[PDB]
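[1] sequence? don't have it. structure:
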């Protein structure tokens, strides 16, 4: 419904001149459980990684899982109807 | 030890000339002094205004009523700009004539518009450049067109402005 195609944040993986490191790095699990506090300022890698997570997975849900699922349910119904059709034919 | 610019109001102009009364013959007569003082003090006003006729015509202090004349000679028309920033654009465009758009050079030109710590510049791999503003004292949208002009032919630019860090 929303009028903008889902854009995956930091889709590409590359080195940044500022850091020299990969654009995305996994936050340490301590931070994942805890989060930030006043005074902390995020590192770019963790920010990019989190946004890429939350965008790529929504993209997957919308464009891969569902288009698969409607097709699968339709095919299931069609095959059940077909089987009952051979059963009736006799 | 001495100023090179000799254009200044003459110090103690009035008491001079009175020094040329020969031998105090008339001094203390209170009739000749007033007549001489009244005439000399007129030159004081004219002498004073001789400076502003030169001082005020400089681009640094020129008022908008005549600053337009300075800009007109250079082809920089007022358009919709106001006085405080119209001065800035005049400086920016004129300074562009001896520039090469280097990283060190770009910082120098932005230095005159945002103080010492009011600006910073990030750089990117594929022609990306970024400008950061912290202490703007003038509205930037009208100044923006020039900020593009002094950059290489293929720059890719982002502009973000905020107050403080």
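    All right, it came through fine. Residues are numbered from 1 along each chain as shown, chains lettered A, B, ... in the order given.

[2] ok so residue B:54 is a helix residue?
    Yes - when DSSP: H, G, I helix; E, B strand; the rest coil is applied, residue B:54 is found to be in a helix.

[3] and it, how many neighbours?
    Using other CB atoms under 10 Å in any protein chain shown, residue B:54 has 10 neighbouring residues. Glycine gets a C-beta too; all of them are placed from N, C-alpha and C.

[4] how about residue B:100?
    By the measure other CB under 10 Å, the count of residues near residue B:100 is 9.

[5] what sits against the most centrally placed residue in chain B?
    The structure's chain B has its C-alpha centroid closest to residue B:60; by CA atoms, centre = their mean the separation is 1.1 Å. Under the criterion of CB atoms under 8 Å, 6 or more residues apart in numbering or on different chains, residue B:60 has no contact partners.

[6] same check, this time on the one 3 residues further on
    Contact analysis of residue B:63 by CB under 8 Å, 6+ apart lists B:56, B:83.

[7] all helices for the chain, in order.
    In the absence of a named chain, this looks at chain A. Remark: helices assigned in chain A by DSSP state H are A:29-34, A:44-60, A:66-89.

[8] wrong one, chain B
    With DSSP H as the criterion, chain B has helices at B:15-18, B:32-55, B:64-74, B:83-95, B:103-111, B:144-149.

[9] and chain A, which of the ones you listed is closest to it?
    Taking CB to the nearest CB as the criterion, chain A comes closest to helix B:103-111 out of the helices of chain B, the separation being 13.1 Å.

[10] that older thread, highest average neighbour count across the helices of chain A?
    Across those, the average number of neighbours (mean count of other CB atoms under 10 Å in any protein chain shown) peaks for helix A:44-60, which reaches a mean of 15.
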